[PDB]
Amino acid sequence: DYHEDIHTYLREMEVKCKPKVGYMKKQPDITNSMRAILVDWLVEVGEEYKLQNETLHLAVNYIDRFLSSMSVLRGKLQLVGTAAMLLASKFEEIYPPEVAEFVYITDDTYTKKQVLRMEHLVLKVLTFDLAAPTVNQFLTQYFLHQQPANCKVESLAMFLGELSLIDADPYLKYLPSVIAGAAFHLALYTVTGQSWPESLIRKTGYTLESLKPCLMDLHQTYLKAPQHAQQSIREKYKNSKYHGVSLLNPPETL
Amino acid sequence: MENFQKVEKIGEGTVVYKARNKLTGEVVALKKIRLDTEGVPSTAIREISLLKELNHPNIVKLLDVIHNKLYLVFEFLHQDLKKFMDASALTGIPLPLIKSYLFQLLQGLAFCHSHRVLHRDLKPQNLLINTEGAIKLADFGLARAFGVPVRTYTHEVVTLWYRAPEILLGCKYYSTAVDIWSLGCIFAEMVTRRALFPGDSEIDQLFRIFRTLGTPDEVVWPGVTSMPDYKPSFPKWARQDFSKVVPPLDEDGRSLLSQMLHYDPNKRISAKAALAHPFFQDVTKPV
Ligand SMILES: O=[S@@]1CCc2c(c(-c3cn[nH]c3C(F)(F)F)nc3ccc4[nH]ncc4c23)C1
């Protein structure tokens, strides 16, 4: 095992790759509501083009990093997130969808030129740093610490992990490693009744006490999930693929 | 852009020029990448993003990027390990230089792996040498950031001669072992100045391995006989003596090489463990 090496490196790079917490206030023509619609759309693109959960998580991090230091108008937010998904695809995916396909899913809102010219710009602003740590990267590590592998816990924690991609407020205020911490405990507690494993307290240094604030927000998010304007993630995790875990009854208290 | 004066063309794939910075005098390698229809190629996206996270004495340094062609600017080294082997063919490479070179490749590779990066193309033509006697991992275009545990990644990885058996037998999962295999195949190719497994086909490559390391069974490599391209019809060849396979190589040399060429990837020696092997008890830095 050289896992410990990688975990240390990922925890270090998640602070350097983290976007600026409050960048939405600074955005003149754009809002959290408009971001959440863009992110939900990329889940539909993600599920339609049978792409990895990593690819989605990676494009959003590219999206938030870019908006952290570039002003964009509402008519342009769909180009940024398109060019973001194309790069996250080119990076993460064995068979990345081609440009002209990424065009087709905008319904010709933008040209091939526009998508290609935005990719060049997104690389420049991100200074070709694409290997960012995601919620997903940490979750898949966390999953090896279940004594009993539980495919329901895994699909739910993933489910809970995607919900946060939708809501800048208040997930941007949390590190990926912490969000994944909340999503695993809450997923485990929901199906088995168990909690944050001792082995992960050692690996991560996070007590339930440290995860409380993220767990509170993530718990409300899970409770209010079927009334959220955004619903593509619940539709996605209704499939037998993910053991229809979005249908599960959330817990009440903790 | 205009600062660089091209000295020579020094190779082609994915063209590479030797150049000089006209204002600082610095010698560099320019990797020219042509675009034109599909945007910026996936190889450049991956090579650039990964090399920027990989700062090691034994990993080639990326100095800059330039954008309609794309230029990667790397530090220059005058030699690749293939041109060096084809120059030592007759005389042979000295033992303590093979030990230095191996030790250095394992060091870069340990750093790579511990930064969740697979090379997936370790062959001599992609390993670069300077005059002070340093060797460095190069060509990260076929590389990839990997997860824990890994998920299924591209099947067509590593040059056939250095391809690991779990790829040839088409295991759903492969990881860090496949790079350790490659170096085993290299270590042997320095010791005996000949490609260890020079197969022309996926079938020949397998058979060349079996004929040398013996045909794996469920006792060497549990799960093998139920791998997607494992046929029960394969000749069961016996394992050769390493006296015959690497005749020059000492007892510690042999111990390290077998461990690096294990069939079962979960048992193969890691880059981290290999560095601590008794073969490496008296290392120096020759030229
Ligand atoms: O034939 S090219 C010359 C050496 C070389 C190669 C390559 C290379 C390796 N595999 N493929 C290539 C290329 F794509 F042909 F360029 N990369 C580099 C990078 C830096 C460097 N500095 N000095 C030499 C090189 C170098 C192989």
Side-chain angles (χ1 to χ4, degrees), chain A residues 90 128, chain B residues 3-22 24-36 38 40-67 69-88 101 104-105 107-109 111-112 117-144 154 156-163 178-179 181-183 185-186 189-190 195 287:
Chain A
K90 270 168 192 210
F128 281 86
Chain B
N3 327 108
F4 295 104
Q5 196 254 322
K6 287 170 182 72
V7 172
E8 274 171 9
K9 197 174 291 204
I10 56 145
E12 201 147 4
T14 60
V15 185
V16 170
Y17 313 86
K18 187 181 177 175
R20 29 175 315 279
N21 189 326
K22 262 175 285 165
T24 81
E26 188 183 45
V27 164
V28 286
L30 294 181
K31 186 172 186 168
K32 188 182 91 156
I33 285 171
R34 281 225 46 193
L35 318 188
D36 292 20
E38 262 319 297
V40 172
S42 304
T43 47
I45 302 273
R46 284 178 170 174
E47 182 162 39
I48 294 165
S49 42
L50 293 167
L51 273 181
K52 284 196 67 175
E53 269 64 39
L54 284 173
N55 218 329
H56 203 258
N58 303 111
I59 308 168
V60 62
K61 262 192 311 304
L62 182 69
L63 287 172
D64 215 14
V65 184
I66 296 167
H67 177 86
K69 303 155 272 172
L70 191 77
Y71 287 104
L72 276 71
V73 186
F74 297 96
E75 64 179 306
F76 181 81
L77 300 90
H78 65 109
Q79 185 85 305
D80 68 73
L81 177 56
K82 187 191 162 268
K83 278 279 162 279
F84 185 55
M85 281 159 156
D86 297 346
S88 322
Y101 275 4
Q104 281 187 72
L105 292 178
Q107 239 178 266
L109 186 59
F111 193 92
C112 267
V117 172
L118 293 173
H119 190 285
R120 308 197 294 177
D121 215 14
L122 293 177
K123 56 176 181 181
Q125 299 102 283
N126 293 347
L127 309 183
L128 300 175
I129 309 140
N130 66 5
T131 53
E132 290 149 328
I135 192 170
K136 303 207 191 190
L137 310 178
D139 190 22
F140 279 77
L142 273 68
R144 209 212 232 269
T154 311
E156 259 186 74
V157 301
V158 187
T159 310
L160 189 73
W161 288 12
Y162 310 83
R163 189 175 300 158
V178 307
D179 276 332
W181 186 269
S182 278
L183 257 54
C185 297
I186 295 163
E189 180 164 341
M190 289 189 289
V287 194

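Every chain is numbered from 1 and lettered A, B, ... according to where its sequence line falls, protein lines coming before strand lines. Both ligands and their constituent atoms are indexed starting at 1 by order of listing. Only this structure's heavy atoms are used, side chains among them; waters, hydrogens and symmetry mates stay out.
For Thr24(B), the side-chain contact (heavy atoms from CB on, under 4.5 Å) partners are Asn21(B), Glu26(B), not counting sequence neighbours. Qualifying side-chain contact (heavy atoms from CB on, under 4.5 Å) partners for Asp80(B), counting only residues two or more places apart in sequence or in other chains: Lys82(B), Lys83(B), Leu128(B). When the ring-ring contact (aromatic ring centres under 6.0 Å, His included) test is applied to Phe76(B), no partner is found at least two apart in sequence or on another chain.
Under the 6.0 Å distance and 45° angle rule, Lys6(B) counts as a cation-pi partner of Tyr17(B).
Looking at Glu47(B) and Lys31(B), a side-chain N of the basic residue comes within less than 4.0 Å of a carboxylate O on the acidic one, giving a salt bridge.
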Could you go through ligand 1 and note, for every N or O atom, any protein N or O atom closer than 3.5 angstrom, writing the atom names and distance to 0.1 Å, or 'none'?
unit_1	atom_1	unit_2	atom_2	d
ligand 1	1 (O)	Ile10(B)	O	3.1
ligand 1	10 (N)	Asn126(B)	OD1	2.7
ligand 1	10 (N)	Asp139(B)	OD2	3.2
ligand 1	22 (N)	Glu75(B)	O	3.4
ligand 1	23 (N)	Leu77(B)	O	3.4

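When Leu118(B), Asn58(B), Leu54(B) are each tested for a side-chain contact (heavy atoms from CB on, under 4.5 Å) with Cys112(B), only one passes: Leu54(B).
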